[PDB]
Structures are given as structure tokens and as C-alpha cells.
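Okay, so here's just one chain, in C-alpha cells, the form deposited in one PDB entry.
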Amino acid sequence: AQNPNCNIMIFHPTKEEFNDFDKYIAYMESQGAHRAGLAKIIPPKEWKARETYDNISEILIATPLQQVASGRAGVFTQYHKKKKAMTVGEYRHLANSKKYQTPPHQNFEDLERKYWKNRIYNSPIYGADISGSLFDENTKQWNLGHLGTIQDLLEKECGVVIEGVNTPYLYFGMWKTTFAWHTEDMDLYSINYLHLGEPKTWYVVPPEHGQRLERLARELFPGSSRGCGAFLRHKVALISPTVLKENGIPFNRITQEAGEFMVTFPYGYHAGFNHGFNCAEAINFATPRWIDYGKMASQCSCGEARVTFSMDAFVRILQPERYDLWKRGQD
């Protein structure tokens, strides 16, 4: 069995190997990369996402989100307070202001310490989930707006033809902006490219041990657990590495830098934070190996998780017994 310790693997494809996306995902899985829940892919030196970023300040962040925490430093939830619209140029200046900027630090480890000590005491503002792309249309390799669609994958594997679309999303971050512990919708893969700026630190639980994280989360967030049998779908709960280690939860960590891709694998729980002003692009995707994970994915029916249009068909086809209850939670 490849990668039996479930370590995060780092890949360096050549320009030739970067042509065929599906083939390279399958290669990484042949080497056991999925067992970690997360992999890093460093593009060949010949590749570029686009020519320059010199012209992005006019993108609008229609609904910036202030991430307000409650709890203790290592075990907290966050809620998103909506803020007035602002441009990427305005948001960058805000991220760099004395109130929000990255503090002085020695290295990524010191910064990680400072994040887990102090996160709860601040409310950083995140531009998340913005439909769009920063890949040049002429970038042919690993262009996250040109991937094979999940609808097409389901049609190819299972024969069924469904409505829905699959487009990328932009994320503009600042120091302490936080992504809560989650798996993807329908336990899909994700791919995330850090276009520019400061790093992103990731934490991940191997898929084979995801239920260990769920059981700890039920213990740590007991009211939330009574409210919903899949409350991690709400994407609000944070648990620190120290707390994970105290409770014996297997996990790994890695820091993504500008120019790098990360892939999350089906049912790989992940969480993390941004180091400073940055911009990422991410999209969900599927492969044949996903289908069994999609059939078994948990679902939130309490009403909180509210998701895209395209998840309807995935539930309806892969999980027809759950469909009626889940759709009630959507409506």
C-alpha cells in the first residue's frame, strides 16, 4: 500500500506531464497521495497562470465577510458578518493597514504560533467565494476554468445526464482569515491555486480517519452536534493542532506559497489560514474514484449549509433516499 503513514506528498510534474490533468491526478493517487487528504503540486518552471497581476484591483468584492470568533483560542466557531462592498484595491489597502497587517515574525512556525494564540481576538475580513477566474484564456495546462465538469464525469461514469454547471471561485485573504474544518460538497475533490501574495497554511485529516475528527467535533461543539447530524457542513468550527494532538487525531500540515496548487481529495477534512494579503482560485472536480464517496457523503438537512444549484442533481441521482429530506433543508 503506497503512503501508508498518509503523509502530504509534493509533486513536481514536468511540462509534458502537465498536459493531461486527469492522468496526473491518477498518477498522484497511484503513489498514495490521496491517503493524506491533500497534496501540493509545484508547476513546471515553463508554466504561468497569466502574464501579470498588475491589473486586478478593479475586481469587486460585493460582500466582504468579517469573521468573528467565539470560544477559546484552540476551540472556536466563527460567524460571518457581511460588510459593504469594496474593490480588490480597497481590500488590499485594508489588509496592509496597521489594524489588519501581518505582525512581525521570524518564520512560518512563529506566525503559526501567533495565529493560534491570537486569532480569536481579532475579526479579519475575507473576500470569499467570488465567481470568476484569473487564469489567462491562453493558459492551456491546469487552467481551473477549463476543467472537465462534474456533470460530465457523472454522465460518463453512470450514463445519466443532469443539469448544473461547475465554475471557479476567487478568494481574497488577509492575515488571520480562516477556513473552518470541512470536506467539500458531496465529498468532491478541490483544487486551489494561490495566484499571488502571502502564503496559506493548511491542516488536513486523512480520509480514512475523518470520522475521528467528526467524533471529536461532536464532543467539542455539543449544542451544534444536537442541532445537526452533519454540522461540519456549516463550515464554522475550528480546532487547533494542539487540541487535535491532545485528542489523538491524525493530521498533517503544510504551507502553500504563491504559484503553487493544492488538491484536496474526497472526504479529506481541511482547515487553515492566510498569512497576509493574497488571492486564490479554487474549484471542485470529480474523478471515477469520487463516485463512491459521493454516494456516501453526509448531508446537512437542518437548513444551515445552503449550497449551489448543482448539488441538487448530485443528491437526486447518488442519494435518492436522502433527497426529499435534504431538499426540505434547501427550501
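Quick note: we count residues from 1 along the sequence shown, nothing fancier. Basically, rigid core = biggest C-alpha set you can superpose within 1.5 Å across the two forms. Shifts are known only where both forms have a C-alpha.
Unshown form solved in complex with a small molecule; subsequent notes refer to it.
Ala36: touches the small molecule in the deposited bound form, heavy atom cutoff 4.5 angstroms
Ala36: no, not in contact with the small molecule in the deposited bound form.
Does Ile41 reach the small molecule in the deposited bound form, with heavy atoms at most 4.5 Å apart?
No - in the deposited bound form, heavy atoms of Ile41 and the small molecule never come within 4.5 Å of each other.
Considering only residues modelled in both forms, extract each run of at least three consecutive residues whose CA displacement is 2 Å or more throughout between the shown form and the other one after core superposition, in sequence order.
Core-superposed, just one run shifting 2 Å or more comes out: 324 to 329.
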